[PDB]
There are 2 protein chains.
Amino acid sequence: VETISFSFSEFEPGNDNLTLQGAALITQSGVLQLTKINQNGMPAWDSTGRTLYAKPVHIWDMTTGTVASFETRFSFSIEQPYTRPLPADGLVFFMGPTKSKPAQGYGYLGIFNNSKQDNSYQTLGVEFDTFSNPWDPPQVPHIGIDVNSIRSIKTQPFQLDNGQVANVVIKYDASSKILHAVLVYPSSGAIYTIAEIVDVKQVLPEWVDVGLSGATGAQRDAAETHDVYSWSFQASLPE
Amino acid sequence: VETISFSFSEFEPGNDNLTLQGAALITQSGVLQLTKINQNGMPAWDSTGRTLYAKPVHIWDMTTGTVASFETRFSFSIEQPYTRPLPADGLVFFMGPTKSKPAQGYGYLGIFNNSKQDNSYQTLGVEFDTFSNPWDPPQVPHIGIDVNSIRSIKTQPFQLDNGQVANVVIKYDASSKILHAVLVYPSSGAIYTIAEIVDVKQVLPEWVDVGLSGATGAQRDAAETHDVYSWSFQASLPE
Ligand SMILES: *[C@@H]1O[C@H](CO)[C@@H](O[C@@H]2O[C@H](CO)[C@@H](O[C@@H]3O[C@H](CO[C@H]4O[C@H](CO)[C@@H](O)[C@H](O)[C@@H]4O)[C@@H](O)[C@H](O[C@H]4O[C@H](CO)[C@@H](O)[C@H](O)[C@@H]4O)[C@@H]3O[C@@H]3OC[C@@H](O)[C@H](O)[C@H]3O)[C@H](O)[C@H]2NC(C)=O)[C@H](O[C@@H]2O[C@@H](C)[C@@H](O)[C@@H](O)[C@@H]2O)[C@H]1NC(C)=O
Ligand SMILES: *[C@@H]1O[C@H](CO)[C@@H](O[C@@H]2O[C@H](CO)[C@@H](O[C@@H]3O[C@H](CO[C@H]4O[C@H](CO)[C@@H](O)[C@H](O)[C@@H]4O)[C@@H](O)[C@H](O[C@H]4O[C@H](CO)[C@@H](O)[C@H](O)[C@@H]4O)[C@@H]3O[C@@H]3OC[C@@H](O)[C@H](O)[C@H]3O)[C@H](O)[C@H]2NC(C)=O)[C@H](O[C@@H]2O[C@@H](C)[C@@H](O)[C@@H](O)[C@@H]2O)[C@H]1NC(C)=O
Ligand SMILES: [Ca+2]
Ligand SMILES: [Ca+2]
Ligand SMILES: [Mn+2]
Ligand SMILES: [Mn+2]
């Protein structure tokens with residue numbers, strides 16, 4: 001069995017186990033700020049930042065046809081300081097081709113280049129979308145399961161607890177092909193759940209990079225924070 | 001669309017929207033005690049209690065072949081006062097044939113008569129099992145999805161937070177046929193998730209009774225409490 005796992009209770013600056021891209025940075029306080037925060041403490045618009053684990057993950061093997069089961073957990077907080085314009089754009093946990101660089105920002109969340117369903121993306125993602133684009137359901141924020149497109153195959157609205165820490169659990173059972181995600185706000189006790197069938201063999205390459213990506217809006221002050229406090233991951237390829 | 005829903009933030013004695021069976025009873029404090037608590041405040045062994053919603057639910061229609069999506073949420077607490085013998089047996093959320101009376105107690109949780117996979121049970125259940133029977137995995141407690149048998153098709157171990165309130169969310173998406181359940185302990189922040197594919201058309205009759213059942217052990221003092229604080233349910237049959 002081929003296993004891989006990591007667990008960051010907090011982030012330490014200078015760590016070489018994480019690849020920071022775009023605006024992403026680790027603070028001295030141990031927080032991973034996916035998108036830029038200005039000198040005045042306000043989140044900057046037109047910002048995109050990602051963080052990829054430094055080792056690729058063996059998700060499936062073409063030879064034996066076996067696929068890995070995996071689980072990831074992370075805590076984040078989003079703060080929306082302005083009433084107008086509408087805050088944007090959100091953050092997303094994703095898996096895709098190795099050696100990737102950030103894509104388009106804004107509503108594409110740093111992982112897509114357009115709104116088409118393209119098999120060449122080879123990307124699986126679980127988004128926490130805060131801005132309603134024309135390809136989105138009208139309710140925001142919402143959790144969404146993205147398969148080769150920013151147009152989710154399944155969506156679940158949730159109420160943002162402004163600036164409060166949200167705990168997320170995403171689990172994939174290779175046997176049943178079910179991807180199930182849970183979001184809990186300890187502050188209010190709110191629990192949201194979403195699940196959908198996804199056969200990763202039809203989506204992802206055998207080896208993938210796992211990461212988190214965040215983006216702020218295309219217009220002035222259409223922004224919010226995308227802070228991550230911890231992140232753990234584990235995958236097992238039956239072999 | 002045929003919809004049905006209920007929501008009990010707390011329970012009131014004398015309420016005629018709930019059918020109490022066996023040892024189940026609602027206290028003046030508004031708590032639903034599934035299993036008996038003695039005069040000295042200790043949980044009694046050899047006890048079985050159930051509570052069914054007073055109206056049957058239309059889960060699927062043979063004529064059109066459509067099936068309902070549903071969701072239930074409830075809060076409970078289990079207290080295990082003795083180190084020996086091992087506490088037993090657990091509680092379970094279930095759906096089965098209308099007009100049912102309690103079955104065998106103990107490890108059968110008041111809903112089964114033996115440990116066979118029998119299609120005549122026509123029962124779907126999500127158990128919170130505290131005692132390891134020969135048909136159980138060795139880890140207890142565990143969440144389990146039961147389909148026509150006490151031998152779960154899927155199990156997930158969890159750590160009991162003795163006497164603390166656990167929040168449960170069980171959701172069934174008819175389109176994908178996924179039954180996903182979540183258990184959260186606000187006290188410790190623990191989150192457990194379990195999902196499996198279940199086609200209710202192959203399991204349940206068109207009309208079902210929904211309920212909660214609990215049972216204590218077969219030997220002296222093999223007991224624990226099975227207290228429920230709230231319970232809501234909603235189902236929608238696309239029509
Ligand atoms: C977080 O980042 C940490 C820092 O990078 C990770 O820890 C490193 O993990 C490296 C493995 O990828 C590991 O590398 C090996 O280092 C050996 C020498 O260092 C040890 O022994 C020294 C005395 O001999 C001692 O002084 C040190 O303190 C260490 O204890 C070295 O012998 C190994 O070489 C063998 O294997 C390599 C292939 O891996 C061959 O190329 C080589 O011929 C030889 O056969 C190996 O060296 C590394 O090899 C590749 C090369 O590019 C690297 O430059 C070279 O370092 C390294 O020891 C530790 N570093 C430290 C300080 O402990 C950490 O990884 C996790 O933890 C480690 C312990 C291991 O269990 C990993 O599998 C884990 O993933 C990162 N954590 C996470 C979650 O990602
Ligand atoms: C929790 O328990 C509650 C108490 O049982 C539930 O509320 C009852 O719900 C009954 C529906 O199942 C409802 O019954 C109807 O009552 C009508 C008369 O009462 C109202 O109007 C009076 C003045 O006219 C007023 O004084 C009262 O206070 C009420 O406002 C009556 O006209 C209805 O009869 C018609 O329909 C029936 C079929 O349902 C026909 O048989 C009849 O010919 C006529 O056409 C109906 O009467 C009931 O009929 C069936 C019979 O066996 C019953 O004995 C008879 O009562 C009843 O009014 C309320 N009770 C109260 C105090 O409000 C509650 O149900 C939920 O809430 C209600 C309001 C409704 O929305 C339900 O659909 C909900 O489920 C239970 N809650 C839950 C979550 O289960
Ligand atoms: Ca969007
Ligand atoms: Ca058992
Ligand atoms: Mn979206
Ligand atoms: Mn069991």
# chains A, B, ... in the order shown; residues from 1 in each chain; ligands from 1
call {"tool": "residues_around", "arguments": {"residues": "stretch 47-62 of chain B", "least_positions_apart": "4", "cutoff": "7 Å", "atoms": "only C-alpha atoms", "output": "PyMOL selection string"}}
result
chain B and resi 17-24+34-36+66-68+98+105+110+201+206-216+237
call {"tool": "residues_near_ligand", "arguments": {"ligand": "ligand 6", "cutoff": "9 Å", "atoms": "only C-alpha atoms and all ligand atoms", "output": "PyMOL selection string"}}
result
chain B and resi 90+107-108+127-133+135-137+140-146+150-152+155
call {"tool": "write_last_selection", "arguments": {"atoms": "N, CA and C atoms", "output": "PDB file, in the first residue's frame"}}
result
ATOM      1  N   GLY B  90     -26.512   0.740  22.498  1.00  0.00           N
ATOM      2  CA  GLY B  90     -26.457   1.816  21.524  1.00  0.00           C
ATOM      3  C   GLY B  90     -27.822   2.334  21.122  1.00  0.00           C
ATOM      4  N   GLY B 107     -28.028  -5.987  21.335  1.00  0.00           N
ATOM      5  CA  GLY B 107     -27.299  -5.663  20.125  1.00  0.00           C
ATOM      6  C   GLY B 107     -28.130  -5.546  18.868  1.00  0.00           C
ATOM      7  N   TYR B 108     -29.399  -5.944  18.928  1.00  0.00           N
ATOM      8  CA  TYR B 108     -30.276  -5.840  17.762  1.00  0.00           C
ATOM      9  C   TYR B 108     -30.929  -4.468  17.713  1.00  0.00           C
ATOM     10  N   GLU B 127     -26.832   3.428  12.825  1.00  0.00           N
ATOM     11  CA  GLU B 127     -26.556   3.119  14.218  1.00  0.00           C
ATOM     12  C   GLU B 127     -25.361   3.820  14.835  1.00  0.00           C
ATOM     13  N   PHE B 128     -25.427   3.930  16.158  1.00  0.00           N
ATOM     14  CA  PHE B 128     -24.393   4.506  17.010  1.00  0.00           C
ATOM     15  C   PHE B 128     -24.250   3.402  18.053  1.00  0.00           C
ATOM     16  N   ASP B 129     -23.458   2.419  17.643  1.00  0.00           N
ATOM     17  CA  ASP B 129     -23.191   1.197  18.378  1.00  0.00           C
ATOM     18  C   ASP B 129     -22.057   1.289  19.402  1.00  0.00           C
ATOM     19  N   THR B 130     -22.387   0.973  20.651  1.00  0.00           N
ATOM     20  CA  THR B 130     -21.435   1.054  21.757  1.00  0.00           C
ATOM     21  C   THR B 130     -20.880  -0.274  22.278  1.00  0.00           C
ATOM     22  N   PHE B 131     -21.397  -1.395  21.780  1.00  0.00           N
ATOM     23  CA  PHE B 131     -20.939  -2.711  22.227  1.00  0.00           C
ATOM     24  C   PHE B 131     -20.570  -3.587  21.042  1.00  0.00           C
ATOM     25  N   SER B 132     -19.414  -4.234  21.112  1.00  0.00           N
ATOM     26  CA  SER B 132     -18.960  -5.076  20.015  1.00  0.00           C
ATOM     27  C   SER B 132     -19.477  -6.520  20.051  1.00  0.00           C
ATOM     28  N   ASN B 133     -20.446  -6.812  19.184  1.00  0.00           N
ATOM     29  CA  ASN B 133     -21.033  -8.149  19.054  1.00  0.00           C
ATOM     30  C   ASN B 133     -20.178  -8.931  18.045  1.00  0.00           C
ATOM     31  N   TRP B 135     -20.808  -9.870  15.184  1.00  0.00           N
ATOM     32  CA  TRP B 135     -21.021  -9.389  13.818  1.00  0.00           C
ATOM     33  C   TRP B 135     -20.458  -7.970  13.617  1.00  0.00           C
ATOM     34  N   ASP B 136     -19.908  -7.398  14.684  1.00  0.00           N
ATOM     35  CA  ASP B 136     -19.342  -6.055  14.666  1.00  0.00           C
ATOM     36  C   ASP B 136     -17.846  -5.984  14.503  1.00  0.00           C
ATOM     37  N   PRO B 137     -17.348  -4.831  14.027  1.00  0.00           N
ATOM     38  CA  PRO B 137     -15.900  -4.672  13.879  1.00  0.00           C
ATOM     39  C   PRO B 137     -15.451  -4.555  15.337  1.00  0.00           C
ATOM     40  N   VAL B 140     -15.334   0.109  19.048  1.00  0.00           N
ATOM     41  CA  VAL B 140     -16.587   0.689  19.523  1.00  0.00           C
ATOM     42  C   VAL B 140     -16.201   1.933  20.327  1.00  0.00           C
ATOM     43  N   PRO B 141     -17.024   2.995  20.272  1.00  0.00           N
ATOM     44  CA  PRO B 141     -18.262   3.037  19.492  1.00  0.00           C
ATOM     45  C   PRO B 141     -18.028   3.256  18.001  1.00  0.00           C
ATOM     46  N   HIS B 142     -19.044   2.944  17.199  1.00  0.00           N
ATOM     47  CA  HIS B 142     -18.962   3.158  15.763  1.00  0.00           C
ATOM     48  C   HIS B 142     -20.309   3.506  15.168  1.00  0.00           C
ATOM     49  N   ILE B 143     -20.258   4.293  14.104  1.00  0.00           N
ATOM     50  CA  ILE B 143     -21.446   4.667  13.358  1.00  0.00           C
ATOM     51  C   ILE B 143     -21.562   3.563  12.306  1.00  0.00           C
ATOM     52  N   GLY B 144     -22.776   3.136  12.001  1.00  0.00           N
ATOM     53  CA  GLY B 144     -22.914   2.116  10.984  1.00  0.00           C
ATOM     54  C   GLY B 144     -24.155   2.315  10.148  1.00  0.00           C
ATOM     55  N   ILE B 145     -24.082   1.952   8.871  1.00  0.00           N
ATOM     56  CA  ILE B 145     -25.242   2.050   7.983  1.00  0.00           C
ATOM     57  C   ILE B 145     -25.760   0.620   7.843  1.00  0.00           C
ATOM     58  N   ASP B 146     -26.984   0.402   8.329  1.00  0.00           N
ATOM     59  CA  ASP B 146     -27.624  -0.912   8.313  1.00  0.00           C
ATOM     60  C   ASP B 146     -28.681  -1.014   7.229  1.00  0.00           C
ATOM     61  N   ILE B 150     -28.352  -6.155  10.910  1.00  0.00           N
ATOM     62  CA  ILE B 150     -27.604  -5.490  11.967  1.00  0.00           C
ATOM     63  C   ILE B 150     -26.105  -5.478  11.586  1.00  0.00           C
ATOM     64  N   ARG B 151     -25.740  -6.268  10.576  1.00  0.00           N
ATOM     65  CA  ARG B 151     -24.363  -6.321  10.085  1.00  0.00           C
ATOM     66  C   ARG B 151     -24.204  -5.174   9.087  1.00  0.00           C
ATOM     67  N   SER B 152     -23.682  -4.042   9.550  1.00  0.00           N
ATOM     68  CA  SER B 152     -23.521  -2.852   8.715  1.00  0.00           C
ATOM     69  C   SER B 152     -22.780  -3.078   7.417  1.00  0.00           C
ATOM     70  N   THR B 155     -18.963   0.954   8.225  1.00  0.00           N
ATOM     71  CA  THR B 155     -18.779   1.327   9.619  1.00  0.00           C
ATOM     72  C   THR B 155     -17.735   2.430   9.770  1.00  0.00           C
TER      73      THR B 155
END
call {"tool": "closest_atom_pairs", "arguments": {"of": "chain A", "to": "chain B", "cutoff": "12 Å", "atoms": "only C-alpha atoms", "output": "tab-separated table"}}
result
residue	atom	partner	partner_atom	distance
A:71	CA	B:193	CA	10.7
A:73	CA	B:191	CA	10.0
A:74	CA	B:191	CA	11.9
A:75	CA	B:189	CA	11.8
A:153	CA	B:176	CA	11.5
A:154	CA	B:176	CA	10.5
A:165	CA	B:189	CA	11.8
A:166	CA	B:189	CA	11.0
A:167	CA	B:189	CA	8.8
A:168	CA	B:191	CA	9.1
A:169	CA	B:191	CA	7.8
A:170	CA	B:193	CA	9.0
A:171	CA	B:193	CA	8.0
A:172	CA	B:195	CA	9.5
A:173	CA	B:195	CA	8.5
A:174	CA	B:196	CA	11.2
A:175	CA	B:196	CA	9.6
A:176	CA	B:196	CA	6.7
A:177	CA	B:196	CA	9.2
A:178	CA	B:195	CA	7.3
A:179	CA	B:195	CA	8.7
A:180	CA	B:195	CA	7.2
A:181	CA	B:193	CA	8.4
A:182	CA	B:182	CA	7.8
A:183	CA	B:191	CA	9.6
A:184	CA	B:184	CA	8.5
A:185	CA	B:186	CA	9.7
A:186	CA	B:186	CA	6.7
A:187	CA	B:186	CA	9.4
A:188	CA	B:186	CA	9.9
A:189	CA	B:186	CA	7.1
A:190	CA	B:167	CA	9.9
A:191	CA	B:169	CA	7.8
A:192	CA	B:169	CA	8.6
A:193	CA	B:182	CA	7.9
A:194	CA	B:180	CA	8.2
A:195	CA	B:180	CA	7.2
A:196	CA	B:176	CA	6.7
A:197	CA	B:176	CA	7.0
A:198	CA	B:176	CA	10.6
call {"tool": "atom_distance", "arguments": {"atom1": "atom CA of residue A:85", "atom2": "atom CA of residue A:38"}}
result
17.7 Å
call {"tool": "residues_around", "arguments": {"residues": "residue B:97", "least_positions_apart": "2", "cutoff": "8 Å", "atoms": "only C-alpha atoms", "output": "MDAnalysis selection string"}}
result
chainID B and resid 95 99:100 122:123 204:205 207:209
call {"tool": "write_last_selection", "arguments": {"atoms": "C-alpha atoms", "output": "PDB file, in the first residue's frame"}}
result
ATOM      1  CA  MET B  95     -37.009   3.761   8.662  1.00  0.00           C
ATOM      2  CA  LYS B  99     -47.306   0.152  12.269  1.00  0.00           C
ATOM      3  CA  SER B 100     -44.212  -1.583  13.668  1.00  0.00           C
ATOM      4  CA  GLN B 122     -37.366  -3.663   4.868  1.00  0.00           C
ATOM      5  CA  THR B 123     -35.348  -1.498   7.253  1.00  0.00           C
ATOM      6  CA  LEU B 204     -37.961   0.089   1.910  1.00  0.00           C
ATOM      7  CA  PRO B 205     -41.701  -0.064   1.205  1.00  0.00           C
ATOM      8  CA  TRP B 207     -44.596   4.290   2.996  1.00  0.00           C
ATOM      9  CA  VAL B 208     -42.444   4.139   6.132  1.00  0.00           C
ATOM     10  CA  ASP B 209     -42.390   5.022   9.818  1.00  0.00           C
TER      11      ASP B 209
END
call {"tool": "select_by_dssp", "arguments": {"residues": "stretch 28-128 of chain B", "states": "helix (DSSP H, G or I)", "output": "JSON, numbers by chain"}}
result
{"B": [106, 107, 108, 119, 120, 121]}
call {"tool": "atom_distance", "arguments": {"atom1": "atom CA of residue A:12", "atom2": "atom CA of residue A:81"}}
result
26.9 Å
call {"tool": "residues_around", "arguments": {"residues": "residue A:87", "least_positions_apart": "4", "cutoff": "6 Å", "atoms": "only C-alpha atoms", "output": "PyMOL selection string"}}
result
chain A and resi 222-224
call {"tool": "atom_distance", "arguments": {"atom1": "atom 66 (C, counted along the ligand's line) of ligand 1", "atom2": "atom CA of residue A:6"}}
result
8.2 Å
call {"tool": "residues_around", "arguments": {"residues": "residue A:32", "least_positions_apart": "4", "cutoff": "8 Å", "atoms": "only C-alpha atoms", "output": "list in words"}}
result
residues 11, 24, 25, 26, 27, 227, 228 and 229 of chain A
call {"tool": "write_last_selection", "arguments": {"atoms": "C-alpha atoms", "output": "short mmCIF file (atom, residue, chain, number, x, y, z; two decimals), in the first residue's frame"}}
result
data_model
loop_
_atom_site.label_atom_id
_atom_site.label_comp_id
_atom_site.auth_asym_id
_atom_site.auth_seq_id
_atom_site.Cartn_x
_atom_site.Cartn_y
_atom_site.Cartn_z
CA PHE A 11 2.41 27.04 9.47
CA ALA A 24 0.32 33.40 -0.70
CA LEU A 25 2.47 33.85 2.39
CA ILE A 26 2.96 32.48 5.88
CA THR A 27 2.88 35.06 8.69
CA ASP A 227 -6.80 32.70 5.97
CA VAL A 228 -5.88 29.07 6.64
CA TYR A 229 -4.81 27.92 10.11
#
call {"tool": "select_by_dssp", "arguments": {"residues": "stretch 174-218 of chain A", "states": "strand (DSSP E or B)", "output": "PyMOL selection string"}}
result
chain A and resi 178-185+190-197+207-216
call {"tool": "residues_around", "arguments": {"residues": "residue A:78", "least_positions_apart": "2", "cutoff": "6 Å", "atoms": "only C-alpha atoms", "output": "ChimeraX atom specification"}}
result
/A:163,225-226
call {"tool": "write_last_selection", "arguments": {"atoms": "N, CA, C and O atoms", "output": "compact mmCIF listing (two decimals), in the first residue's frame"}}
result
# COMPACT_ATOMS: atom_id res chain seq x y z
N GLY A 163 -15.52 36.16 9.73
CA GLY A 163 -14.31 36.12 10.53
C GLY A 163 -14.16 34.98 11.51
O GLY A 163 -13.17 34.92 12.25
N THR A 225 -10.70 38.26 3.23
CA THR A 225 -9.52 37.48 3.57
C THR A 225 -9.78 36.01 3.25
O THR A 225 -10.93 35.59 3.12
N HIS A 226 -8.70 35.24 3.13
CA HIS A 226 -8.77 33.80 2.90
C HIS A 226 -7.62 33.22 3.71
O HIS A 226 -6.57 32.86 3.17
call {"tool": "decode", "arguments": {"residues": "stretch 125-204 of chain A", "atoms": "C-alpha atoms", "output": "PDB file, in the first residue's frame"}}
result
ATOM      1  CA  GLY A 125     -11.816  20.778  -6.531  1.00  0.00           C
ATOM      2  CA  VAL A 126     -14.046  21.581  -3.563  1.00  0.00           C
ATOM      3  CA  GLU A 127     -14.811  25.288  -3.589  1.00  0.00           C
ATOM      4  CA  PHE A 128     -16.030  27.748  -0.970  1.00  0.00           C
ATOM      5  CA  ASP A 129     -17.408  30.340  -3.346  1.00  0.00           C
ATOM      6  CA  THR A 130     -18.349  33.800  -2.058  1.00  0.00           C
ATOM      7  CA  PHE A 131     -19.327  35.603  -5.288  1.00  0.00           C
ATOM      8  CA  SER A 132     -22.112  34.684  -7.697  1.00  0.00           C
ATOM      9  CA  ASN A 133     -20.836  34.511 -11.304  1.00  0.00           C
ATOM     10  CA  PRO A 134     -23.154  33.779 -14.265  1.00  0.00           C
ATOM     11  CA  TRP A 135     -22.237  30.089 -14.032  1.00  0.00           C
ATOM     12  CA  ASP A 136     -23.119  30.005 -10.308  1.00  0.00           C
ATOM     13  CA  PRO A 137     -26.380  29.359  -8.483  1.00  0.00           C
ATOM     14  CA  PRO A 138     -27.721  32.624  -7.046  1.00  0.00           C
ATOM     15  CA  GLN A 139     -26.981  31.726  -3.412  1.00  0.00           C
ATOM     16  CA  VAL A 140     -23.572  32.641  -1.970  1.00  0.00           C
ATOM     17  CA  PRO A 141     -21.591  31.538  -0.186  1.00  0.00           C
ATOM     18  CA  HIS A 142     -21.747  27.931  -1.361  1.00  0.00           C
ATOM     19  CA  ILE A 143     -19.664  24.788  -1.256  1.00  0.00           C
ATOM     20  CA  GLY A 144     -19.205  23.226  -4.668  1.00  0.00           C
ATOM     21  CA  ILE A 145     -17.662  20.095  -6.165  1.00  0.00           C
ATOM     22  CA  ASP A 146     -15.778  21.028  -9.349  1.00  0.00           C
ATOM     23  CA  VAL A 147     -14.857  18.374 -11.908  1.00  0.00           C
ATOM     24  CA  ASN A 148     -12.859  19.773 -14.849  1.00  0.00           C
ATOM     25  CA  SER A 149     -14.868  23.004 -14.674  1.00  0.00           C
ATOM     26  CA  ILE A 150     -15.706  25.979 -12.478  1.00  0.00           C
ATOM     27  CA  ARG A 151     -19.380  25.044 -13.079  1.00  0.00           C
ATOM     28  CA  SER A 152     -19.940  22.727 -10.091  1.00  0.00           C
ATOM     29  CA  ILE A 153     -21.686  19.408 -10.578  1.00  0.00           C
ATOM     30  CA  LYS A 154     -23.174  19.843  -7.076  1.00  0.00           C
ATOM     31  CA  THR A 155     -23.613  22.899  -4.871  1.00  0.00           C
ATOM     32  CA  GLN A 156     -24.598  23.530  -1.228  1.00  0.00           C
ATOM     33  CA  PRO A 157     -25.335  27.021   0.150  1.00  0.00           C
ATOM     34  CA  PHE A 158     -24.040  27.980   3.567  1.00  0.00           C
ATOM     35  CA  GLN A 159     -24.173  31.058   5.755  1.00  0.00           C
ATOM     36  CA  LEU A 160     -20.874  32.781   6.353  1.00  0.00           C
ATOM     37  CA  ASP A 161     -19.950  33.363   9.997  1.00  0.00           C
ATOM     38  CA  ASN A 162     -17.885  36.500   9.308  1.00  0.00           C
ATOM     39  CA  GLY A 163     -14.307  36.124  10.532  1.00  0.00           C
ATOM     40  CA  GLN A 164     -15.079  32.933  12.438  1.00  0.00           C
ATOM     41  CA  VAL A 165     -13.048  29.752  11.994  1.00  0.00           C
ATOM     42  CA  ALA A 166     -14.637  27.037   9.857  1.00  0.00           C
ATOM     43  CA  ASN A 167     -13.560  23.401  10.100  1.00  0.00           C
ATOM     44  CA  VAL A 168     -13.634  21.394   6.869  1.00  0.00           C
ATOM     45  CA  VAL A 169     -13.454  17.626   6.299  1.00  0.00           C
ATOM     46  CA  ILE A 170     -13.239  16.192   2.783  1.00  0.00           C
ATOM     47  CA  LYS A 171     -13.163  12.408   2.360  1.00  0.00           C
ATOM     48  CA  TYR A 172     -13.016  10.217  -0.745  1.00  0.00           C
ATOM     49  CA  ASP A 173     -13.849   6.510  -0.567  1.00  0.00           C
ATOM     50  CA  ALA A 174     -12.353   4.861  -3.661  1.00  0.00           C
ATOM     51  CA  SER A 175     -14.562   1.765  -3.350  1.00  0.00           C
ATOM     52  CA  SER A 176     -17.903   3.586  -3.551  1.00  0.00           C
ATOM     53  CA  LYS A 177     -16.440   6.551  -5.485  1.00  0.00           C
ATOM     54  CA  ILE A 178     -18.090   8.972  -3.063  1.00  0.00           C
ATOM     55  CA  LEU A 179     -16.541  12.364  -2.360  1.00  0.00           C
ATOM     56  CA  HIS A 180     -18.101  13.725   0.825  1.00  0.00           C
ATOM     57  CA  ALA A 181     -17.377  17.112   2.368  1.00  0.00           C
ATOM     58  CA  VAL A 182     -18.455  18.701   5.657  1.00  0.00           C
ATOM     59  CA  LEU A 183     -18.211  22.272   6.902  1.00  0.00           C
ATOM     60  CA  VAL A 184     -18.730  23.097  10.572  1.00  0.00           C
ATOM     61  CA  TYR A 185     -18.698  26.489  12.294  1.00  0.00           C
ATOM     62  CA  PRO A 186     -17.839  25.819  15.973  1.00  0.00           C
ATOM     63  CA  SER A 187     -18.919  29.391  16.773  1.00  0.00           C
ATOM     64  CA  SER A 188     -22.574  28.872  15.810  1.00  0.00           C
ATOM     65  CA  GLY A 189     -22.629  25.077  15.680  1.00  0.00           C
ATOM     66  CA  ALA A 190     -23.713  25.126  12.015  1.00  0.00           C
ATOM     67  CA  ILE A 191     -23.131  21.935  10.012  1.00  0.00           C
ATOM     68  CA  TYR A 192     -23.285  21.682   6.220  1.00  0.00           C
ATOM     69  CA  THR A 193     -22.793  18.517   4.204  1.00  0.00           C
ATOM     70  CA  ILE A 194     -22.358  17.732   0.518  1.00  0.00           C
ATOM     71  CA  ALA A 195     -21.631  14.500  -1.371  1.00  0.00           C
ATOM     72  CA  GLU A 196     -21.414  13.363  -4.965  1.00  0.00           C
ATOM     73  CA  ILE A 197     -20.095  10.437  -6.987  1.00  0.00           C
ATOM     74  CA  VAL A 198     -16.767  11.137  -8.667  1.00  0.00           C
ATOM     75  CA  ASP A 199     -14.616   8.532 -10.422  1.00  0.00           C
ATOM     76  CA  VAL A 200     -11.161  10.100 -10.211  1.00  0.00           C
ATOM     77  CA  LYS A 201      -9.809   7.732 -12.911  1.00  0.00           C
ATOM     78  CA  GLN A 202     -11.890   9.700 -15.426  1.00  0.00           C
ATOM     79  CA  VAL A 203     -10.660  13.056 -14.122  1.00  0.00           C
ATOM     80  CA  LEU A 204      -7.143  13.089 -12.706  1.00  0.00           C
TER      81      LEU A 204
END
